[PDB]
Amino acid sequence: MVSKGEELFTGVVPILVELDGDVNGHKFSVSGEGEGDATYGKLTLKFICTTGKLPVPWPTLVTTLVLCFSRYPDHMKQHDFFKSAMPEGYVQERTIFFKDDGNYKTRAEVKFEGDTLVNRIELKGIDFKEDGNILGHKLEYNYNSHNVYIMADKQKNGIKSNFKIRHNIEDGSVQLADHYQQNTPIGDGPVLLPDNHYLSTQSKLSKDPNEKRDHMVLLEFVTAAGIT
């Protein structure tokens, strides 16, 4: 009723995530498979580092590795920019600033290829400390729940957001990751321009005890909490 993309998400949708990564010159690639069920705001994904050992901690990649699977309640479906850009899709770009360490620059295309929702990412990381908490793998394998404020970016016919992720360091302190995000339609529209609103997130990271490769299992729920 509201957008050309809502009907594409009414059932379970297969997902493919492909990340090509370059942090300080450490080249790596990550492949993810799973499914999304936007009716319940639900994501299940298993990611594998296809190049060997991941050179950064898995938690630092969670936000980079498909908000079109957020559950928008009925009174919020006019604010669902992510589904409205489908099937052609949207570009999602971020700078992630790790406090007193380096930063990631990410550019992603989120779009359907056939029946599969694809997230194709390029990640660049610069100015990291080779012995620091990130490249030194000093972060705990866990995640917190967040509320993120999505704001309209009328000039770009998309959305923008600033939010903070706090990763646990093994010494009992936290590593701050300042996220700046912008999304824009692929093929220049049309899309729904939302008013400002919150997404509420929660994530559980786990491992497959049978899987020998470096990997991350992710179970995540995202819900449009409302305008306030």
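Counting begins at 1, following the sequence as shown.
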- Item | residue 192 preceded by how many uncoordinated deposited residues after residue 191 | none
- Message: Tell me which stretch, 18-26 or 214-222, has the higher mean Cα B-factor listed in the entry.
- Response: 18-26
- Query: Where do the C-alpha atoms have the higher mean temperature factor in this entry, in 164-172 or in 37-45?
  - Reply: 164-172
- Using the entry's values, work out which of 140, 122, 109, 100 has the largest Cα B factor. 100
- Scanning 67, 54, 177, 61 for peak Cα temperature factor in the entry gives 54
- Split the chain's modelled residues into thirds by Cα B-factor; is residue 117 in the lowest, middle or highest one? lowest
- Message: Lowest, middle or highest third: which one holds residue 77 when the chain's residues are ordered by CA B-factor from the entry?
- Response: middle
- Task: Could you look up the Cα B-factor of residue 133 in the entry and say which third of the chain it sits in: lowest, middle or highest?
- Result: highest
- Among modelled residues of the same chain, the CA temperature factor third for residue 151: highest
- Could you say whether, by C-alpha temperature factor, residue 145 belongs to the lowest, middle or highest third of its chain? lowest
